[PDB]
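Peer 1: One structure coming up, written as structure tokens, with questions to follow.
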Amino acid sequence: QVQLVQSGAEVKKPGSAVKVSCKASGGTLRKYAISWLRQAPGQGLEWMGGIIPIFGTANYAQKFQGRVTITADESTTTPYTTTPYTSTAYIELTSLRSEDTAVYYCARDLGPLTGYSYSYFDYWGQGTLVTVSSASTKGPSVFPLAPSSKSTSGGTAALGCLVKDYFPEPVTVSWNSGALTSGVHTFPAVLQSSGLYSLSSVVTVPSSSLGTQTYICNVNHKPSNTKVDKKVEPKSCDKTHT
Amino acid sequence: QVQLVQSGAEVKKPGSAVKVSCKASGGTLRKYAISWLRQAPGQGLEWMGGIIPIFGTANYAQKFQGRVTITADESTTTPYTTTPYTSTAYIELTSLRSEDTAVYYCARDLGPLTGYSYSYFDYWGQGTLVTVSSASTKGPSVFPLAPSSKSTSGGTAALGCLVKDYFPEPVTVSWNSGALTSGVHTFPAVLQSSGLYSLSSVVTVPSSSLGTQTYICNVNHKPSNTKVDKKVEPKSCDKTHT
Amino acid sequence: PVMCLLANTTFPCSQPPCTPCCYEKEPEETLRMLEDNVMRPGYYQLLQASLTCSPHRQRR
Amino acid sequence: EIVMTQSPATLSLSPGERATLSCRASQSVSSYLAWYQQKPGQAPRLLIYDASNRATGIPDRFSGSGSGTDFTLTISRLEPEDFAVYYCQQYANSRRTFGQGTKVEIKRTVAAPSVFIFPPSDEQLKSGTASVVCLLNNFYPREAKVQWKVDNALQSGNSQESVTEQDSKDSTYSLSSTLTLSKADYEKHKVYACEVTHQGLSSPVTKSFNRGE
Amino acid sequence: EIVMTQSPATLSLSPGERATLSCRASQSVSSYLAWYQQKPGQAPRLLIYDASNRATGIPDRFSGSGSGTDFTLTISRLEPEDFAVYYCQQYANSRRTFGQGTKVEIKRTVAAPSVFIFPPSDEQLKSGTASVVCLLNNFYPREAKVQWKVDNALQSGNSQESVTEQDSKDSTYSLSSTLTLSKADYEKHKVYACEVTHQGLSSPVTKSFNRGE
């Protein structure tokens with residue numbers, strides 16, 4: 001049918017600026033608007049503005065004027081054109097505040113073509129993520145979570161793992177390098193009140209195998225291409241392990 | 001913007017006729033209709049009828065069709081209408097009844113310009129009061145009012161006067177020739193079943209004022225150039241005015 | 001730099017002549033800033049940053 | 001026929017607060033409705049035409065809605081000059097009808113009336129009649145009812161009433177009422193009495209005076 | 001402003017039931033609504049444009065209804081792929097506005113939470129630090145409340161909360177919470193014992209642990 005494709009996700013210091021680029025292609029229609037929307041994670045969904053890539057004619061929701069600029073690139077497209085049609089568009093987010101941290105969507109708006117009126121958002125990009133904070137690209141604290149003083153058999157007991165103290169949120173984890181799949185819950189994110197993230201991963205079990213099985217977990221992170229692997233046996237004031 | 005002006009108020013015997021009139025000016029639009037409406041103070045507001053003054057072509061509510069005739073000037077409707085556009089409109093009330101006692105308004109109607117459709121009223125005059133009565137030219141009878149449970153000391157907090165049996169409403173009342181303008185209260189009017197007017201007015205003074213200063217009201221009226229004044233200090237069963 | 005005029009003073013076409021978004025604060029004399037800067041090359045490229053953004057309530 | 005009914009015959013609030021006026025259309029008008037206001041001694045002025053266009057002289061203190069039979073006028077906040085009569089009108093049909101209107105009362109702390117009775121005088125009794133003037137002064141709200149008695153027999157017929165507007169700088173209302181008798185009938189009785197019921201009173205009050213006082 | 005609302009903040013039902021989600025606007029939008037479904041890790045996709053028209057290739061299950069101020073999206077019988085977030089959107093004026101969104105959820109039989117707790121480990125204890133974990137595992141419905149209750153007292157000034165959704169196979173939620181301080185503050189107590197209050201449990205539940213073992 002048609003598709004939109006836009007810049008990869010990006011992370012920035014506050015008081016700087018960033019530009020998101022969008023491209024659209026393959027629809028039959030010629031002169032639609034392209035529009036930008038944003039969403040602080042699950043907190044809402046706001047239309048910001050748009051352009052008509054033929055006319056320029058930048059148009060804004062009043063809430064974003066001064067804090068954003070919108071542009072599009074005209075091209076050497078002839079009056080006949082005779083290709084699949086294409087367009088290029090941008091938001092320049094400027095004087096950044098940490099509250100600007102959101103996913104930003106490009107979308108096709110039929111408003112001009114539908115008799116110069118308002119319209120619904122007809123087709124959407126993938127969405128892309130802007131992260132705003134002063135923090136440095138710290139790699140995680142990666143310690144093993146210690147199972148508690150054991151409740152013993154006749155039921156189910158505690159087992160799991162913890163990851164803390166990183167910037168750039170995109171860590172990943174894997175138990176026994178993928179040999180454990182079911183029974184794993186991984187709690188997706190936490191924000192540590194000052195820019196750093198945290199994660200935990202857990203395995204609900206019958207009480208049979210603490211101090212006995214080779215329970216082991218990988219941790220992976222993108223800053224410095226850091227990668228880690230650890231066992232999760234009971235060790236605190238004393239120790240009991242396989 | 002625009003204004004409507006109309007002729008001054010009327011007073012009439014039953015079974016007589018009235019030629020009320022109005023003028024419009026200053027609008028950019030040429031083909032508006034002029035419409036006439038009325039209210040009595042004991043009624044809602046009703047549309048009677050209207051015209052498009054260029055054509056004539058009157059249009060009426062079925063309550064009034066044949067009770068009134070509506071007409072206009074040849075408004076100098078030439079080509080090269082580069083002088084400011086203006087027009088005059090007239091209504092002819094005929095053999096009128098006491099129920100035709102009301103305020104009549106001139107108002108502008110865009111119905112022909114909005115694609116020949118019924119419409120709200122865009123701008124208004126001040127209105128013409130038309131008064132129908134069996135009565136005839138009279139100045140006021142006037143009376144001094146005795147204090148409540150008369151005491152001449154402090155047992156009441158107003159001092160007052162009564163006005164009765166005049167014709168044409170605009171008597172006017174003033175306290176110490178208008179110097180005592182503060183603390184006045186006055187009540188609107190009543191037509192008696194005898195077809196003649198009445199009014200009451202007071203100064204909100206304590207009874208300790210009596211002879212501590214002198215208290216009067218001065219009245220003016222327009223018919224027969226009638227003018228009158230009297231004391232409001234005690235004047236009924238005995239002469240104890242202070 | 002390229003220079004503005006306000007009769008009593010002169011300054012670059014790259015700093016605020018009086019204040020940001022002048023026309024909302026001082027309209028009938030912002031009419032006069034373009035009678036002083038009237039016919040010179042610089043100020044018609046400072047207007048790009050001088051009738052542009054959000055003051056402490058207005059947004060454009 | 002297309003009858004227009006405004007639900008509040010009167011409404012009350014302070015300045016700085018949102019009045020919510022409403023109308024019922026007897027049959028579908030399908031938009032084609034307007035809102036006006038008026039002050040005494042003036043013709044109306046238009047506020048709103050169709051559901052929600054304001055007239056080009058009107059500030060954002062006014063707003064409207066409705067799409068079939070059910071209509072609303074929402075005033076964003078009353079300034080101490082917006083207290084007025086308001087009317088709907090429809091133009092869906094050849095019989096253009098206004099509503100009977102709504103008047104807004106400026107809300108304040110109550111005050112009970114001093115009710116009074118004020119006797120007639122020789123200047124009227126020289127002309128064959130006498131008027132007794134009950135005179136409820138400087139009170140709020142104007143929800144008072146008044147009734148008249150002579151030798152304690154009721155006189156509800158002739159004894160008409162008249163009310164101020166929202167008078168003074170603060171809407172202190174008053175009422176003036178005029179029990180009026182022929183000279184012979186004024187002389188045939190000796191006790192004159194007038195009685196008031198009001199929201200600011202605890203219970204009804206009667207005041208009286210006697211012939212020859 | 002045109003204020004949007006979606007009445008069910010969440011809708012829970014079993015596959016094969018009619019879903020029906022409902023929308024309000026503070027003044028008439030008069031058509032000019034649209035409906036979307038939204039999926040985790042994706043951008044939205046269109047379902048309905050105007051009051052009632054299906055978007056490109058949207059199959060049959062969805063239908064849109066309403067006019068003026070009040071609207072609904074109905075699903076004829078909900079399929080296991082349709083469970084998602086859902087949005088209304090307005091385009092009657094230049095402030096195009098989306099609703100708060102609604103989540104559509106697989107209804108299933110009840111399961112209650114199991115509670116777990118965990119000590120710190122040597123890498124934190126060498127780093128001047130202690131970190132402690134509390135879990136609720138694998139329960140439905142999910143509206144539980146939890147507290148750290150260490151030496152019975154509320155711990156919160158250092159301690160966060162986190163959630164996970166319905167699992168795609170098991171249809172249950174879970175919680176994770178952390179307590180973290182200096183290793184010297186972690187010694188101030190001896191009964192680390194987190195609580196749960198839940199609708200599938202008969203009474204609140206707690207499990208207890210001690211520092212130094």
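Naming scheme: A, B, ... for chains in displayed order of the structure tokens; residues 1 onward per chain; ligands 1 onward as shown.
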Least-squares fit on all C-alpha atoms, paired in order: put chain D onto chain E and return it as a PDB file with C-alpha atoms, in the first residue's frame.
Peer 2:
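Saved result, selection_3.pdb, follows:
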ATOM      1  CA  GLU D   1     -10.851  23.034  24.639  1.00  0.00           C
ATOM      2  CA  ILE D   2     -12.080  19.738  23.081  1.00  0.00           C
ATOM      3  CA  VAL D   3     -11.149  17.136  25.774  1.00  0.00           C
ATOM      4  CA  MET D   4     -11.815  13.449  24.887  1.00  0.00           C
ATOM      5  CA  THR D   5     -12.628  11.033  27.777  1.00  0.00           C
ATOM      6  CA  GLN D   6     -12.842   7.227  27.380  1.00  0.00           C
ATOM      7  CA  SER D   7     -15.109   5.861  30.162  1.00  0.00           C
ATOM      8  CA  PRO D   8     -13.318   2.497  30.813  1.00  0.00           C
ATOM      9  CA  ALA D   9      -9.660   3.160  31.706  1.00  0.00           C
ATOM     10  CA  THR D  10      -9.531  -0.680  31.438  1.00  0.00           C
ATOM     11  CA  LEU D  11     -12.057  -3.337  30.310  1.00  0.00           C
ATOM     12  CA  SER D  12     -12.126  -7.198  30.581  1.00  0.00           C
ATOM     13  CA  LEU D  13     -13.672 -10.229  28.764  1.00  0.00           C
ATOM     14  CA  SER D  14     -12.878 -13.651  27.180  1.00  0.00           C
ATOM     15  CA  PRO D  15     -12.090 -14.143  23.476  1.00  0.00           C
ATOM     16  CA  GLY D  16     -15.188 -14.690  21.269  1.00  0.00           C
ATOM     17  CA  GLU D  17     -17.240 -11.909  22.990  1.00  0.00           C
ATOM     18  CA  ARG D  18     -18.233  -8.287  22.117  1.00  0.00           C
ATOM     19  CA  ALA D  19     -16.304  -5.483  23.845  1.00  0.00           C
ATOM     20  CA  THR D  20     -18.183  -2.104  23.948  1.00  0.00           C
ATOM     21  CA  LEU D  21     -15.744   0.834  24.238  1.00  0.00           C
ATOM     22  CA  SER D  22     -17.025   4.448  24.541  1.00  0.00           C
ATOM     23  CA  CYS D  23     -15.872   8.099  24.483  1.00  0.00           C
ATOM     24  CA  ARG D  24     -17.296  11.428  25.755  1.00  0.00           C
ATOM     25  CA  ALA D  25     -16.498  14.612  23.796  1.00  0.00           C
ATOM     26  CA  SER D  26     -16.321  17.717  26.075  1.00  0.00           C
ATOM     27  CA  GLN D  27     -18.063  19.788  23.303  1.00  0.00           C
ATOM     28  CA  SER D  28     -19.807  18.847  19.998  1.00  0.00           C
ATOM     29  CA  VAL D  29     -17.420  17.311  17.403  1.00  0.00           C
ATOM     30  CA  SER D  30     -20.350  16.586  14.985  1.00  0.00           C
ATOM     31  CA  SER D  31     -18.824  13.355  13.645  1.00  0.00           C
ATOM     32  CA  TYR D  32     -15.125  14.085  12.707  1.00  0.00           C
ATOM     33  CA  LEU D  33     -13.920  11.301  15.056  1.00  0.00           C
ATOM     34  CA  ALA D  34     -11.653   8.255  14.466  1.00  0.00           C
ATOM     35  CA  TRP D  35     -10.661   5.047  16.318  1.00  0.00           C
ATOM     36  CA  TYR D  36      -7.200   3.435  16.470  1.00  0.00           C
ATOM     37  CA  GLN D  37      -5.488   0.500  18.166  1.00  0.00           C
ATOM     38  CA  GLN D  38      -1.857  -0.047  19.236  1.00  0.00           C
ATOM     39  CA  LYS D  39       0.521  -2.810  20.448  1.00  0.00           C
ATOM     40  CA  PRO D  40       3.763  -2.178  22.432  1.00  0.00           C
ATOM     41  CA  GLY D  41       6.778  -1.328  20.217  1.00  0.00           C
ATOM     42  CA  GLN D  42       4.442  -0.320  17.314  1.00  0.00           C
ATOM     43  CA  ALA D  43       2.852   2.889  16.060  1.00  0.00           C
ATOM     44  CA  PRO D  44      -1.000   2.883  16.022  1.00  0.00           C
ATOM     45  CA  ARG D  45      -3.167   1.465  13.225  1.00  0.00           C
ATOM     46  CA  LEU D  46      -6.440   3.121  12.153  1.00  0.00           C
ATOM     47  CA  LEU D  47      -9.717   1.152  12.517  1.00  0.00           C
ATOM     48  CA  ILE D  48     -12.599   3.636  11.950  1.00  0.00           C
ATOM     49  CA  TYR D  49     -12.900   7.188  10.452  1.00  0.00           C
ATOM     50  CA  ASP D  50     -15.928   9.417  10.865  1.00  0.00           C
ATOM     51  CA  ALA D  51     -18.667   7.613  12.866  1.00  0.00           C
ATOM     52  CA  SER D  52     -18.710   4.302  10.919  1.00  0.00           C
ATOM     53  CA  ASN D  53     -16.408   3.979   7.860  1.00  0.00           C
ATOM     54  CA  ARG D  54     -13.751   1.275   8.488  1.00  0.00           C
ATOM     55  CA  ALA D  55     -10.264   1.669   6.958  1.00  0.00           C
ATOM     56  CA  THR D  56      -9.942  -0.413   3.725  1.00  0.00           C
ATOM     57  CA  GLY D  57      -7.657  -3.058   5.395  1.00  0.00           C
ATOM     58  CA  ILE D  58     -10.081  -3.780   8.332  1.00  0.00           C
ATOM     59  CA  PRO D  59     -12.392  -6.862   8.852  1.00  0.00           C
ATOM     60  CA  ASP D  60     -16.005  -6.824  10.241  1.00  0.00           C
ATOM     61  CA  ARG D  61     -14.647  -7.532  13.781  1.00  0.00           C
ATOM     62  CA  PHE D  62     -14.928  -3.720  14.354  1.00  0.00           C
ATOM     63  CA  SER D  63     -17.862  -1.217  14.158  1.00  0.00           C
ATOM     64  CA  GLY D  64     -18.652   2.356  15.347  1.00  0.00           C
ATOM     65  CA  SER D  65     -21.352   5.006  16.048  1.00  0.00           C
ATOM     66  CA  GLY D  66     -21.963   8.587  17.333  1.00  0.00           C
ATOM     67  CA  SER D  67     -23.367  11.893  15.957  1.00  0.00           C
ATOM     68  CA  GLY D  68     -22.602  14.869  18.305  1.00  0.00           C
ATOM     69  CA  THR D  69     -20.773  14.218  21.626  1.00  0.00           C
ATOM     70  CA  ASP D  70     -21.432  10.515  22.387  1.00  0.00           C
ATOM     71  CA  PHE D  71     -19.381   7.759  20.699  1.00  0.00           C
ATOM     72  CA  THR D  72     -19.149   3.937  20.744  1.00  0.00           C
ATOM     73  CA  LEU D  73     -16.736   1.321  19.345  1.00  0.00           C
ATOM     74  CA  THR D  74     -18.286  -2.187  19.305  1.00  0.00           C
ATOM     75  CA  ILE D  75     -15.944  -5.107  18.605  1.00  0.00           C
ATOM     76  CA  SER D  76     -18.090  -7.942  17.131  1.00  0.00           C
ATOM     77  CA  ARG D  77     -15.999 -10.678  18.866  1.00  0.00           C
ATOM     78  CA  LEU D  78     -12.366 -10.492  20.126  1.00  0.00           C
ATOM     79  CA  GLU D  79      -9.965 -12.929  18.482  1.00  0.00           C
ATOM     80  CA  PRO D  80      -6.958 -13.871  20.783  1.00  0.00           C
ATOM     81  CA  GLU D  81      -4.839 -11.180  19.018  1.00  0.00           C
ATOM     82  CA  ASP D  82      -7.245  -8.153  19.192  1.00  0.00           C
ATOM     83  CA  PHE D  83      -6.354  -7.579  22.909  1.00  0.00           C
ATOM     84  CA  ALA D  84      -4.631  -4.191  22.602  1.00  0.00           C
ATOM     85  CA  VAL D  85      -4.690  -0.469  23.520  1.00  0.00           C
ATOM     86  CA  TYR D  86      -7.502   1.513  21.795  1.00  0.00           C
ATOM     87  CA  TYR D  87      -7.775   5.321  21.330  1.00  0.00           C
ATOM     88  CA  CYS D  88     -10.347   7.721  19.989  1.00  0.00           C
ATOM     89  CA  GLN D  89      -9.212  10.924  18.233  1.00  0.00           C
ATOM     90  CA  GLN D  90     -11.165  13.996  17.056  1.00  0.00           C
ATOM     91  CA  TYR D  91     -10.453  16.326  14.101  1.00  0.00           C
ATOM     92  CA  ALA D  92     -13.381  18.765  14.505  1.00  0.00           C
ATOM     93  CA  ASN D  93     -10.954  21.508  15.670  1.00  0.00           C
ATOM     94  CA  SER D  94      -7.364  22.827  15.135  1.00  0.00           C
ATOM     95  CA  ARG D  95      -6.346  21.189  18.466  1.00  0.00           C
ATOM     96  CA  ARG D  96      -6.419  17.555  17.275  1.00  0.00           C
ATOM     97  CA  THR D  97      -6.816  15.512  20.527  1.00  0.00           C
ATOM     98  CA  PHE D  98      -6.591  11.788  21.219  1.00  0.00           C
ATOM     99  CA  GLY D  99      -8.150  10.238  24.342  1.00  0.00           C
ATOM    100  CA  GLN D 100      -5.920   8.891  27.179  1.00  0.00           C
ATOM    101  CA  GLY D 101      -6.878   5.416  25.790  1.00  0.00           C
ATOM    102  CA  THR D 102      -8.388   2.076  26.950  1.00  0.00           C
ATOM    103  CA  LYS D 103      -6.516  -1.239  27.535  1.00  0.00           C
ATOM    104  CA  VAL D 104      -8.396  -4.582  27.299  1.00  0.00           C
ATOM    105  CA  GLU D 105      -7.596  -7.374  29.830  1.00  0.00           C
ATOM    106  CA  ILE D 106      -7.973 -11.007  28.662  1.00  0.00           C
ATOM    107  CA  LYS D 107     -10.386 -12.510  31.261  1.00  0.00           C
ATOM    108  CA  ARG D 108      -9.444 -15.776  33.072  1.00  0.00           C
ATOM    109  CA  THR D 109      -9.878 -17.627  36.398  1.00  0.00           C
ATOM    110  CA  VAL D 110      -7.930 -15.948  39.262  1.00  0.00           C
ATOM    111  CA  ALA D 111      -4.637 -17.064  40.814  1.00  0.00           C
ATOM    112  CA  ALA D 112      -3.153 -15.542  44.003  1.00  0.00           C
ATOM    113  CA  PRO D 113       0.544 -14.429  44.084  1.00  0.00           C
ATOM    114  CA  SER D 114       3.335 -16.211  45.910  1.00  0.00           C
ATOM    115  CA  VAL D 115       4.721 -12.886  47.191  1.00  0.00           C
ATOM    116  CA  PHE D 116       8.362 -13.671  48.224  1.00  0.00           C
ATOM    117  CA  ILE D 117      11.123 -11.193  49.385  1.00  0.00           C
ATOM    118  CA  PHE D 118      14.577 -12.445  48.013  1.00  0.00           C
ATOM    119  CA  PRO D 119      17.593 -10.994  50.021  1.00  0.00           C
ATOM    120  CA  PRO D 120      20.557  -8.869  48.702  1.00  0.00           C
ATOM    121  CA  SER D 121      24.170 -10.117  48.335  1.00  0.00           C
ATOM    122  CA  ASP D 122      27.884  -9.258  48.837  1.00  0.00           C
ATOM    123  CA  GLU D 123      28.171  -8.268  45.114  1.00  0.00           C
ATOM    124  CA  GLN D 124      26.020  -5.186  45.929  1.00  0.00           C
ATOM    125  CA  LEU D 125      27.242  -4.658  49.556  1.00  0.00           C
ATOM    126  CA  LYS D 126      30.838  -4.190  48.175  1.00  0.00           C
ATOM    127  CA  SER D 127      29.439  -0.976  46.519  1.00  0.00           C
ATOM    128  CA  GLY D 128      27.688   0.742  49.487  1.00  0.00           C
ATOM    129  CA  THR D 129      24.001  -0.399  49.037  1.00  0.00           C
ATOM    130  CA  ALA D 130      21.486  -3.322  49.299  1.00  0.00           C
ATOM    131  CA  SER D 131      18.241  -4.200  47.353  1.00  0.00           C
ATOM    132  CA  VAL D 132      15.453  -6.485  48.700  1.00  0.00           C
ATOM    133  CA  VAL D 133      13.273  -8.020  45.929  1.00  0.00           C
ATOM    134  CA  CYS D 134       9.595  -8.702  46.655  1.00  0.00           C
ATOM    135  CA  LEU D 135       8.426 -10.716  43.644  1.00  0.00           C
ATOM    136  CA  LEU D 136       4.677 -11.489  43.249  1.00  0.00           C
ATOM    137  CA  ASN D 137       4.769 -14.314  40.653  1.00  0.00           C
ATOM    138  CA  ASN D 138       2.382 -15.949  38.107  1.00  0.00           C
ATOM    139  CA  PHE D 139      -0.847 -14.294  39.400  1.00  0.00           C
ATOM    140  CA  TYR D 140      -4.153 -12.875  38.053  1.00  0.00           C
ATOM    141  CA  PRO D 141      -5.521 -10.221  37.991  1.00  0.00           C
ATOM    142  CA  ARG D 142      -2.636  -7.657  38.484  1.00  0.00           C
ATOM    143  CA  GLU D 143      -4.867  -5.753  41.017  1.00  0.00           C
ATOM    144  CA  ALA D 144      -2.301  -6.396  43.828  1.00  0.00           C
ATOM    145  CA  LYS D 145      -0.959  -3.569  46.068  1.00  0.00           C
ATOM    146  CA  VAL D 146       2.427  -4.014  47.835  1.00  0.00           C
ATOM    147  CA  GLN D 147       4.003  -2.230  50.880  1.00  0.00           C
ATOM    148  CA  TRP D 148       7.373  -2.472  52.684  1.00  0.00           C
ATOM    149  CA  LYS D 149       8.524  -2.573  56.362  1.00  0.00           C
ATOM    150  CA  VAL D 150      12.000  -2.609  58.060  1.00  0.00           C
ATOM    151  CA  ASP D 151      12.129  -3.386  61.817  1.00  0.00           C
ATOM    152  CA  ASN D 152       8.311  -3.068  61.288  1.00  0.00           C
ATOM    153  CA  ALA D 153       8.608   0.705  60.483  1.00  0.00           C
ATOM    154  CA  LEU D 154       6.972   1.519  57.074  1.00  0.00           C
ATOM    155  CA  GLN D 155       9.200   2.137  53.959  1.00  0.00           C
ATOM    156  CA  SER D 156       6.736   3.515  51.325  1.00  0.00           C
ATOM    157  CA  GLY D 157       9.236   6.062  49.826  1.00  0.00           C
ATOM    158  CA  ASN D 158      12.161   4.512  47.884  1.00  0.00           C
ATOM    159  CA  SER D 159      10.676   0.979  47.472  1.00  0.00           C
ATOM    160  CA  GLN D 160       9.519   1.242  43.809  1.00  0.00           C
ATOM    161  CA  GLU D 161       7.455  -1.342  41.815  1.00  0.00           C
ATOM    162  CA  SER D 162       7.438  -2.704  38.224  1.00  0.00           C
ATOM    163  CA  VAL D 163       4.828  -4.983  36.535  1.00  0.00           C
ATOM    164  CA  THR D 164       4.958  -7.491  33.637  1.00  0.00           C
ATOM    165  CA  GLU D 165       2.813  -7.163  30.540  1.00  0.00           C
ATOM    166  CA  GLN D 166      -0.006  -9.756  29.919  1.00  0.00           C
ATOM    167  CA  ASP D 167       2.846 -12.304  29.981  1.00  0.00           C
ATOM    168  CA  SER D 168       2.899 -16.054  29.113  1.00  0.00           C
ATOM    169  CA  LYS D 169       0.454 -17.853  26.739  1.00  0.00           C
ATOM    170  CA  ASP D 170      -2.349 -17.058  29.307  1.00  0.00           C
ATOM    171  CA  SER D 171      -1.725 -13.522  30.808  1.00  0.00           C
ATOM    172  CA  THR D 172      -0.170 -14.754  34.102  1.00  0.00           C
ATOM    173  CA  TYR D 173       1.064 -11.374  35.424  1.00  0.00           C
ATOM    174  CA  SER D 174       3.915 -10.783  37.908  1.00  0.00           C
ATOM    175  CA  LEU D 175       5.220  -7.754  39.916  1.00  0.00           C
ATOM    176  CA  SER D 176       8.870  -7.006  40.939  1.00  0.00           C
ATOM    177  CA  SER D 177       9.615  -4.384  43.675  1.00  0.00           C
ATOM    178  CA  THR D 178      13.004  -3.209  45.008  1.00  0.00           C
ATOM    179  CA  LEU D 179      13.313  -1.717  48.543  1.00  0.00           C
ATOM    180  CA  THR D 180      16.844  -0.245  48.314  1.00  0.00           C
ATOM    181  CA  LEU D 181      19.007   0.978  51.215  1.00  0.00           C
ATOM    182  CA  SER D 182      22.530   2.373  51.806  1.00  0.00           C
ATOM    183  CA  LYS D 183      24.911  -0.230  53.419  1.00  0.00           C
ATOM    184  CA  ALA D 184      24.968   1.479  56.849  1.00  0.00           C
ATOM    185  CA  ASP D 185      21.105   1.702  56.936  1.00  0.00           C
ATOM    186  CA  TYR D 186      20.821  -1.955  55.785  1.00  0.00           C
ATOM    187  CA  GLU D 187      23.128  -2.945  58.733  1.00  0.00           C
ATOM    188  CA  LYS D 188      21.247  -0.684  61.298  1.00  0.00           C
ATOM    189  CA  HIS D 189      18.112  -2.941  61.109  1.00  0.00           C
ATOM    190  CA  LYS D 190      17.491  -6.726  61.443  1.00  0.00           C
ATOM    191  CA  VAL D 191      13.926  -7.571  60.202  1.00  0.00           C
ATOM    192  CA  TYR D 192      12.895  -6.995  56.553  1.00  0.00           C
ATOM    193  CA  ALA D 193       9.163  -7.420  55.748  1.00  0.00           C
ATOM    194  CA  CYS D 194       6.884  -6.972  52.687  1.00  0.00           C
ATOM    195  CA  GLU D 195       3.038  -7.063  52.581  1.00  0.00           C
ATOM    196  CA  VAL D 196       0.458  -7.718  49.797  1.00  0.00           C
ATOM    197  CA  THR D 197      -3.282  -7.042  49.275  1.00  0.00           C
ATOM    198  CA  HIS D 198      -4.964  -8.866  46.299  1.00  0.00           C
ATOM    199  CA  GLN D 199      -8.381 -10.078  44.969  1.00  0.00           C
ATOM    200  CA  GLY D 200      -7.279 -13.790  44.859  1.00  0.00           C
ATOM    201  CA  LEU D 201      -6.076 -13.674  48.528  1.00  0.00           C
ATOM    202  CA  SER D 202      -8.520 -14.120  51.478  1.00  0.00           C
ATOM    203  CA  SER D 203      -6.882 -11.195  53.420  1.00  0.00           C
ATOM    204  CA  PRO D 204      -3.443  -9.419  53.436  1.00  0.00           C
ATOM    205  CA  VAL D 205      -0.227 -11.516  53.675  1.00  0.00           C
ATOM    206  CA  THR D 206       3.169 -10.357  55.048  1.00  0.00           C
ATOM    207  CA  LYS D 207       6.473 -12.227  54.373  1.00  0.00           C
ATOM    208  CA  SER D 208       9.748 -11.502  56.208  1.00  0.00           C
ATOM    209  CA  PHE D 209      13.448 -12.457  56.556  1.00  0.00           C
ATOM    210  CA  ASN D 210      16.177 -11.383  59.043  1.00  0.00           C
ATOM    211  CA  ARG D 211      19.727  -9.934  58.699  1.00  0.00           C
ATOM    212  CA  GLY D 212      22.409 -12.680  58.956  1.00  0.00           C
ATOM    213  CA  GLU D 213      20.152 -15.582  57.661  1.00  0.00           C
TER     214      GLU D 213
END
Peer 1: Show me, as CSV, the residues of chain B having an atom within 7 Å of chain D, each with the closest atom pair and its distance in Å, using only C-alpha atoms.
Peer 2:
residue,atom,partner,partner_atom,distance
B:44,CA,D:100,CA,5.0
B:45,CA,D:98,CA,6.0
B:46,CA,D:97,CA,6.6
B:47,CA,D:96,CA,6.6
B:61,CA,D:95,CA,6.7
B:118,CA,D:91,CA,5.6
B:119,CA,D:91,CA,5.3
B:120,CA,D:91,CA,6.3
B:122,CA,D:46,CA,6.8
B:124,CA,D:43,CA,6.3
B:125,CA,D:43,CA,6.4
B:126,CA,D:43,CA,5.1
B:127,CA,D:43,CA,6.3
B:143,CA,D:123,CA,5.8
B:144,CA,D:121,CA,6.8
B:145,CA,D:120,CA,6.2
B:146,CA,D:119,CA,5.3
B:147,CA,D:118,CA,5.2
B:148,CA,D:118,CA,4.2
B:149,CA,D:209,CA,5.5
B:187,CA,D:164,CA,5.5
B:188,CA,D:164,CA,6.6
B:235,CA,D:121,CA,6.6
B:236,CA,D:121,CA,4.5
B:237,CA,D:212,CA,6.2
Peer 1: If we count only C-alpha atoms and set the cut-off at 9 Å, which residues sit around residue 230 (chain A), ignoring sequence neighbours fewer than 6 positions away in its own chain? Please answer as number ranges by chain.
Peer 2: A: 142-144, 215-219
Peer 1: Mind checking DSSP for region 118-235 of chain B and telling me the helix (DSSP H, G or I) residues as a PyMOL selection string?
Peer 2: chain B and resi 176-178+207-209+223-225
Peer 1: I need the residue nearest residue 195 (chain A) from this list: A:98, A:209, A:43, A:71. Use only C-alpha atoms for the distance.
Peer 2: A:98
Peer 1: I need the contact residues of chain C against chain A, so if you could list those with any atom within 10 Å, counting only C-alpha atoms, and return them as an NGL selection string, that would help.
Peer 2: :C and (52-55 or 58-60)
Peer 1: Kindly give the distance, in Å, that separates CA of residue 10 (chain A) and CA of residue 54 (chain A), rounded to a single decimal.
Peer 2: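 These two atoms are separated by 28.3 Å.
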Peer 1: Show which residues sit within 10 Å of residue 8 (chain B), as a list in words. Count only C-alpha atoms, and ignore same-chain residues fewer than 3 positions away.
Peer 2: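 The neighbour list is residues 5, 20, 21, 126, 127, 128, 129 and 130 of chain B.
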